[PDB]
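Chain naming here is simple, since letters A, B, ... match the order of the sequence lines and numbering starts at 1 in each.
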There are 2 protein chains.
Amino acid sequence: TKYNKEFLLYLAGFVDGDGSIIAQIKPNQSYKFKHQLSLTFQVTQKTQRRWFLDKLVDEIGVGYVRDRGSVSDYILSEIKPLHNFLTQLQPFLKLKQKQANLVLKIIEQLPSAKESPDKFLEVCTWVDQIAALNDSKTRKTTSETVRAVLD
Amino acid sequence: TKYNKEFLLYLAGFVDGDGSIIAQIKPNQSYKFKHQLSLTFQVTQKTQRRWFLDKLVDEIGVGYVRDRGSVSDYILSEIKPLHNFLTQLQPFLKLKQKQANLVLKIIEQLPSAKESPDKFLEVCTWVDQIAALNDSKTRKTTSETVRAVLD
DNA sequence: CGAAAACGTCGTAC
DNA sequence: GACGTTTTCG
DNA sequence: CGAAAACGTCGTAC
DNA sequence: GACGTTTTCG
Ligand SMILES: [Ca+2]
Ligand SMILES: [Ca+2]
Ligand SMILES: [Ca+2]
Ligand code: NA
Ligand code: NA
């Protein structure tokens, strides 16, 4: 899945505008470290324009559209295709380039982050950075909170 | 003032995201038909990212940035340069392409719209069209409104 | 007058 | 825009 | 368990 | 995002 340059240039600007590059630390006992690292690339749009989101699903060839009322979102969370997509988009972003680099870095690091409790906590630090870059306003689960892992 | 393709492709996506192509019929006795036709190309952005709007002023080479509190806007209203810019940006727009064409068409038509009251009113019809296409919500001055110029 | 700049603000669509 | 919590899936 | 899908909502930045 | 009203400028 290798994309067209004209498309990526256009999409990077659309993303810098209404997209979001999100990293979350999700709490849950089921997981080894009681938290799951989650990554999302998303594009939001008023539902009467949903066709646009649908066309993203067609060109990126992966991901899906969810509806949440008057608004919809194109969503891409699958680690492998997300990494493939972000890598190609990264060179054209201007406003969300750093968070794109951070997500790429987090993905490449997941394997060894399951291994030690200190590698996992470090990676969580990178998600704090992504949220600081974002216009974050209702964040709850922080790397700091994961640190109350101390027994 | 002929722009670089990569730059237009990217800006077209940003504009589809947080930009706005605007046509307004503005009331005022000073004008022959008691209304002034106004066109605006704008890009809005949070003031901590105003550098990004300043960078637009630099590349487009015309227009300016205005501050309105926690938010700012890159503004381009001069008919000649706006026509030039919209013509080159127009082919890459996907969501605001129609309003961009309508604005180009209104601009080309301004000279003859000062001539008859009927041509003027027809042009006002095109601005009703642009507002229909936009996510309009507080429009007051309509082509219908102008029609009560009837003596 | 004609045209742009300046200034101000409602209601979501991010 | 950018999170949150809850449910499915393998 | 691990990872994504599904579902839900706060607070602006358009 | 997409309008509004008021002031300047030529
Ligand atoms: Ca934006
Ligand atoms: Ca936006
Ligand atoms: Ca938008
Ligand atoms: Na921030
Ligand atoms: Na509309």
Which residues in residues 115-145 of chain A have at least one heavy atom lying under 4.0 Å from any atom of DNA chain D?
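Residues of residues 115-145 of chain A under 4.0 Å from DNA chain D: A/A131, A/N134, A/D135, A/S136, A/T138, A/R139, A/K140, A/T141.
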Just jot down the side chain to side chain donor-acceptor pair (under 3.5 Å) partners of [X], sequence neighbours excluded, or say none.
X      : result
A/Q42  : none
B/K5   : A/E6
A/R50  : A/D54, A/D67
A/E108 : A/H83

What nucleotide among C/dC14, F/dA2, E/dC14 has an atom nearest to a side-chain atom of B/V71?
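It is E/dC14.
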Where the side chain of A/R68 is concerned, which of D/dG1, E/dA13, F/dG1 is the nearest nucleotide?
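The nucleotide sitting nearest to the side chain is D/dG1.
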Between protein and nucleic acid, restricted to nucleotides 2-6 of chain C and to nitrogen or oxygen atoms under 3.5 Å apart, what atom pairs and distances do you find?
{"from": "C/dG2", "atom 1": "OP2", "to": "B/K32", "atom 2": "N", "distance (Å)": "2.7"}
{"from": "C/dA3", "atom 1": "OP1", "to": "B/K114", "atom 2": "NZ", "distance (Å)": "3.3"}
{"from": "C/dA3", "atom 1": "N7", "to": "B/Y31", "atom 2": "OH", "distance (Å)": "2.6"}
{"from": "C/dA4", "atom 1": "OP1", "to": "B/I79", "atom 2": "N", "distance (Å)": "2.8"}
{"from": "C/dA4", "atom 1": "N7", "to": "B/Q36", "atom 2": "NE2", "distance (Å)": "2.9"}

Can you tell me the distance, in whole Å, between the [atom1] atom of [X] and the [atom2] atom of [N]?
X     : N      : atom1 : atom2 : value
A/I22 : C/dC14 : CD1   : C1'   : 11 Å
A/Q24 : D/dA2  : CD    : P     : 11 Å
A/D16 : D/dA2  : CG    : P     : 11 Å
B/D18 : F/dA2  : CG    : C1'   : 13 Å
A/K46 : C/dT12 : NZ    : P     : 9 Å

For the residue pair [X] and [Y], confirm or rule out a side-chain donor-acceptor distance under 3.5 Å.
X      : Y      : result
B/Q88  : B/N84  : yes
B/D128 : B/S143 : yes
B/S112 : B/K119 : yes
B/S77  : B/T40  : yes

Holding to ring-ring contact (aromatic ring centres under 6.0 Å, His included), I want the full list of residues that pass it with A/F92, two or more places apart in sequence or in another chain.
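Applying ring-ring contact (aromatic ring centres under 6.0 Å, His included) to A/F92 gives none.
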Sequence neighbours excluded, which residues qualify as ring-ring contact (aromatic ring centres under 6.0 Å, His included) partners of B/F14?
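Partners of B/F14 by the ring-ring contact (aromatic ring centres under 6.0 Å, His included) criterion, ordered by chain and then number, come out as B/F52.
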Please measure how far the P atom in E/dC14 lies from the corresponding atom in D/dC3, and state the result in whole Å.
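Here E/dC14 and D/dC3 have their P atoms 15 Å from each other.
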When you measure from the side chain of A/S38 to the backbone of A/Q24, do you find a donor-acceptor pair of N or O atoms at a distance under 3.5 Å?
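No: the side chain of A/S38 does not pair with the backbone of A/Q24.
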Dot-bracket encoding per residue of DNA chain D, Watson-Crick/G-U cut-off under 3.5 Å, | denoting interstrand
||||||||||
Show me the protein contacts with nucleotides 8-10 of chain D, counting only N or O atoms at under 3.5 Å.
none

Residues which pass side-chain contact (heavy atoms from CB on, under 4.5 Å) with B/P27, listed by chain and number, not counting sequence neighbours:
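By the side-chain contact (heavy atoms from CB on, under 4.5 Å) rule, B/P27 matches B/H35, B/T141.
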Test of understanding: with side-chain contact (heavy atoms from CB on, under 4.5 Å), list the residues that count as partners of A/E122, not counting sequence neighbours.
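A/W126.
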Applying a 4.0 Å non-hydrogen cut-off, can you work out what B/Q45 is touching in the nucleic acid: base, sugar-phosphate, or nothing?
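Sugar-phosphate contact only - B/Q45 comes under 4.0 Å of backbone atoms but never of a base.
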Short side-chain N/O contact to E/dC14 OP1/OP2 from B/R49, under 4.0 Å
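True: B/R49 side-chain N/O within range (under 4.0 Å) of E/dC14 OP1/OP2.
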With hydrogens left out and only the distance checked, is there a donor-acceptor pair under 3.5 Å joining A/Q42's side chain and the base of D/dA2?
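When only heavy-atom distances are counted, A/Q42 does reach the base of D/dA2 through a donor-acceptor pair under 3.5 Å.
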Assess whether side-chain contact (heavy atoms from CB on, under 4.5 Å) is satisfied between A/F85 and A/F41, documenting all intermediate values.
CA-CA 9 Å; A/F85 168 77; A/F41 159 80; 3.5 Å; yes
